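Have a look below at one chain only, the form deposited in one PDB entry, in structure tokens format.
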């Protein structure tokens, strides 16, 4: 067998679901070891009586740490710590073929296509969401659902972009992307779709096909609001009940005895509000939209069951007034709802992540904070994109001289080597720092010094608790 440094400094956990799977686990461990993995654990699910022990984050960190686990190798998601591994710790879960194909092709293949989660219906998609179609709260919601469906969000157009999400034929991005020609050969064949392409997969938990697939395609004749409304109603309207969305997410009373007040600073396209309201009510929750003209004391007196506030911005005066009337109210954003849906448990915001509270005012500008990142995998990449976005900056998967920072947790790879040299060049002077700088800047709402020693620690993978997304969580 051949050897390489492909998996240098990475830790793997192989979950064996049945005795017959042991030879596959052995061959995968050999592949990992021959290509220089740091550590490879094999864990036989069938050989412990796990149905009487809480397999929570503490259990997982104690059993498989103290170092982090970079990848879980499993051909199934049917193990009782899947949600804490995947949705909390943000560790990818991939089939054995991810290892086999990554060795064959001598590279770290994207993990999405190898997820064994049947709800990851968009796993093969690389999706660009147009910022000239959507406001910030719409963009964040569509990004959240795309991510929950296993797709990849991109903020650049390339010949690998599979879908471009647009609101209407009036978006100028349509003609711009269509003019990306060379001579006149196109960069690729483009698929422009309305956001109901995402929403249908999320609501129905099955692939789009037939006429409903065609209705999600951009139609340049849809020049009126009425025509857009009509397509939304046919594709995700009340006659399309969630046929198998609850098969994969069986807690139909997730939001029972909760009643959410929806802040007016969420200015959704109205059929998108209807989608969100229906999503909550389908989980036995209640919904009351607030208006800028409401007398809040009157509203909360009439609906004393309202116990949650959902809003976009931390600095909304509506939220300030709400907290003075209801001091114990849960204060979250829309992302928080979808995180509880993923966890299948109602969870107070203080036990969730930094990205699940109404967002701070932008701390940085894009001129100050345009960051490349490296050595993150899977949902960690989505998290850093979101964190940089709500700090006020821009993120890039590529490294260029436009970048102000490189964010990394280790010293491996080409970008770290290049950026370290650039940091010493006065003509460039990029800053290399770890993700805890981003997290602490946001949590403290303050521009911390990225060269502090705690942000120059590039051995964070030595402790699983330093995984990105852990800062800010209450036990």
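Residue numbers count along the first chain shown, from 1. We call the rigid core the largest set of C-alpha positions that still match within 1.5 Å between the two forms.
- Across the other compared structures of the same protein with both neighbouring residues present, residue 342 carries coordinates in every case, with no third of them leaving it out.
- Of the other entries compared for this protein that flank it with modelled residues, all give atoms for residue 87, so not even a third lack it.
- The segment from residue 183 to residue 184 is interrupted, since 10 or more residues of the deposited sequence in that interval carry no coordinates.
- Look at the mean CA B-factor for 417-425 and for 48-56 in the entry; the higher one is 48-56.
- Higher mean CA B-factor, judged across 320-328 and 388-396 from the recorded values: 320-328.
- By the numbers in the PDB entry, the CA B factor is greatest at 304 among 118, 304, 285, 172.
- Of the candidates 378, 264, 150, 195, the PDB record gives 264 the highest C-alpha temperature factor.
- Compared with the other modelled residues of the chain, the Cα B-factor recorded for residue 165 ranks in the lowest third.
- Among the modelled residues of its chain, residue 311 has a C-alpha B-factor that falls in the lowest third, as given in the PDB entry.
- Compared with the other modelled residues of the chain, the Cα B-factor recorded for residue 405 ranks in the lowest third.
- In this PDB entry, the Cα temperature factor of residue 88 sits in the middle third of its chain's modelled residues.
- In this PDB entry, residue 348 carries a Cα temperature factor that places it within the middle third of its chain's modelled residues.
What follows is about the form deposited in another entry, which we do not show.
- Looking at CA displacements between the shown form and the other one with the core superposed, a shift of 2 Å or more is confined, among 440, 411, 67, 428, to 428.
- With the core superposed, residue 242 shows a C-alpha displacement of at least 2 Å between the shown form and the other one.
- Panel note: the distance between the CA atoms of residue 245 and residue 75 is smaller in the other entry than in this form, the difference being 3 Å or more.
- If you compare C-alpha positions, residue 305 and residue 242 are 3 angstroms or more farther apart in the other entry than in the form on display.
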